[PDB]
Every structure is written in structure tokens, then in C-alpha cells.
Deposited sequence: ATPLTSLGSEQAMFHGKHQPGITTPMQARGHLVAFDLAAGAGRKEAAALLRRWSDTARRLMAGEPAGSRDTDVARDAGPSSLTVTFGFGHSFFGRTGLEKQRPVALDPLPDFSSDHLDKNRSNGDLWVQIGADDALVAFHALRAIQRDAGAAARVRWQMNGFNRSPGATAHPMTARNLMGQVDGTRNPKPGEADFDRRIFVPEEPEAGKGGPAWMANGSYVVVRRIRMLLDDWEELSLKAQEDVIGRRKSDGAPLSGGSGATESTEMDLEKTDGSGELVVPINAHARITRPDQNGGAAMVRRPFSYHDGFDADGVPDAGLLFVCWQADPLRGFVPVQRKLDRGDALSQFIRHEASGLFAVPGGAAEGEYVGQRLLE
């Protein structure tokens, strides 16, 4: 029996080889935030900020207050699987005299023909991902991180998301998105032999050892168009069934885990999994081994005047090198994916997320020290 109290009592490690929020289980609530350094904040002020943030992270992730004038918003809750994760944008390095430690991996993402990016709501010197299974726990953490920045950095952009709660389903299972698709079946997983090679910078620039690169994309779903489609049309866009996430190449006996048959054909000769289906064309074996861990939140921020919902996927993917991950896959998807017609990339960020802090350290200490 998993008790209901597990939701609050579950606690994620702050200290580790890798920062939390990469391999950590899906969380019900997320807040993504980007900060820009203030005028006259340099390396010294940035190192002080990351220390403040790390100390706050450590405390919050253990269910402990953020000091004397902790707001009490999270009081009485357990840690609720809170994680906080920190990253650095391309622009950070020229603000802090660290241009020589700027990884080539932060070179700007391509200008994809399908981009509709609000550049104000994109990019940033610093990125923080907050997730938890309790909304007060999560808001408390966002507010504490944001208040820790004080005058040394300002909020550039901030987005809210959500996922399925623990216990919503009779047994734990892969999540859904606002298209109604099963979302997360084929991620690389820890324990696979190539998982670290795919996802993390190895231990032997040196400050990124055991770090990863995240790509964030605010992707609006065109639900008004999507929801006029037949099931057959929606399933053809993905290549997997809405009911259980099994490949279209599968039988009634097929389930989520049954391997895709990418050569299966109709009586009529036509491929059962379409040639431009999203879950065909995104696979590492269709992309020279290009791979990523996808760990998103869904979003809904309202309706415009014509009733169009501002709803979609806060796409967050993780990779050792964007050029072997996000970038070549997106390059194919831009025009080549059946899904493109139904989505709109409306904001983006690429951040270097270092390894976990050890005892007595702050996140990014190797970089700033």
C-alpha cells in the first residue's frame, strides 16, 4: 500500500552527482524562471547569489524554512518532492568575466523556420526550475528564490505548469498531455548503458562535469485545430495510440512497451506508422543516435478574445550536447513532422546546468570559484 502521506513525505536529494530535477520523477507543479543580472552585478555578486540560492534550495528541499521571515506558506507540508535546479545562459558568461569558460554547447539554437519566439520571454542569464507535488510548496520555493535575487538579478520571464498528481490513477503510469497523448514512454532511463553518455557531461569545460544542457520550449498546442480531427488523424500524427500509447504497428494485444515496427505495411501497401509520424522521426535510431530526456510540464494561462486557449507543453529536455539532442531532432521536425502544423514554439531557452552541489558547496561553485 502506498500511503497518501507519501505525497508530502517524499524527499528529493539536493546533494548529489547530478542536480535534482533531471532524473527526478515527474512532479505535479512546476515554475520555470529566468533572471538577468542587474547592472553592476559581476562575478562576485553572481557567486553570492548562487550561494544564497543553493542554501535556500537545500533548506526547502528538506522541508525546512527559508530563515526567520520565512513566509510560512509551506508550513505543515512535507518536502513534497520539491526540487530546485539551476542553470546558466550564454549571456551569463560575458557579464561575469567568464567568456573563456562558456561552453561551445551554449552556442545559440538555430533560427528554425517554424519559430514564433517571444524573445523577451526567452533565454536569460540564469534559469531556475522548481517542481513539487504540492502547489504551496512549489510557490513558496519560487517566491524564496525570486526574493533571494533581490536587486542583483531581476525576473526576466516566469512560466507556470502542471502535470498529473501522484495517486490520480489506480496504478502509476505514464502521464498525458493536453493533446490527450501518452507522453514520456521512450525516454532514455538511468541504468541504460548509454544513458550517461547521452545525458551528462562526463567527469575528466571542467565546471560542467556531471552537468547537462537543458532546452526549454514554450510550445502552444493548437487545440482548436487539433480537437476537430478524427482519432485516426491524431494517431497518425504521433504514430501511437491515444488509448494506451502502443505503437500503431501493434495489435489489440499491444501495449505501451511493445516495440514499434517501422516497416509494417497496410494491405494496400502503406506504412502503418506514417513516414512523418512524430514518434517515428524523433527516435535516436532515426537521428544518428541523437537523444534526450524529456521532462516537461503542461501549461494553461487563459483564453484570448476569440476563445483561443494559451495552453500547451512547457517542453524541457536534457542532453549532454544540444547538437546531439534537441538541435538535429528539431531541425527535422521543423517542417518534417506531422505534429508541427498543430503546435507553435513561442519561447525558448538553452541553459548549462552543472553537476549537483556537494556538502558545503553551492551549485556552480567550480565555475564561479
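- Judged by missing C-alpha atoms, the one gap in the deposited chain sequence falls at residues 205 to 211.
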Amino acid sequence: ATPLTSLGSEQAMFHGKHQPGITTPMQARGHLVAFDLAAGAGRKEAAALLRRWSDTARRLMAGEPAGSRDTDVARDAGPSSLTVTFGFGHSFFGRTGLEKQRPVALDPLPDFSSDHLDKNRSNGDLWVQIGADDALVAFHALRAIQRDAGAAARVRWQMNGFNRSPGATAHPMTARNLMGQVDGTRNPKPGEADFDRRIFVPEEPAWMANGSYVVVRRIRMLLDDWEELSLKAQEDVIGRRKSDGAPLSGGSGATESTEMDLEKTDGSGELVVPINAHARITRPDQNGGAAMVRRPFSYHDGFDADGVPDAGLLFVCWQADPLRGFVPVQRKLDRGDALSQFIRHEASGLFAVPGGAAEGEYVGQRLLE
From here on, numbers count along this sequence of modelled residues.
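- Here the stretch with the larger average CA B-factor, out of 212 to 220 and 240 to 248, is 240 to 248.
- Here the stretch with the larger average CA B-factor, out of 184 to 192 and 256 to 264, is 256 to 264.
- Note on the listed residues 281, 159, 138, 149: the highest Cα temperature factor in the record is that of 149.
- Note on 74, 105, 173, 142: the highest value goes to 173, judged by CA B factor as recorded.
- Ranked against the other modelled residues of its chain, the C-alpha B-factor of residue 271 as given in the entry falls in the highest third.
- In the PDB entry, a CA B factor belonging to the lowest third of its chain's modelled residues is recorded for residue 30.
- In the PDB entry, residue 197 places in the middle third of its chain by CA B-factor.
- Among the modelled residues of its chain, residue 295 has a C-alpha B-factor that falls in the lowest third, as given in the PDB entry.
- In this PDB entry, the Cα temperature factor of residue 1 sits in the top third of its chain's modelled residues, the highest group.
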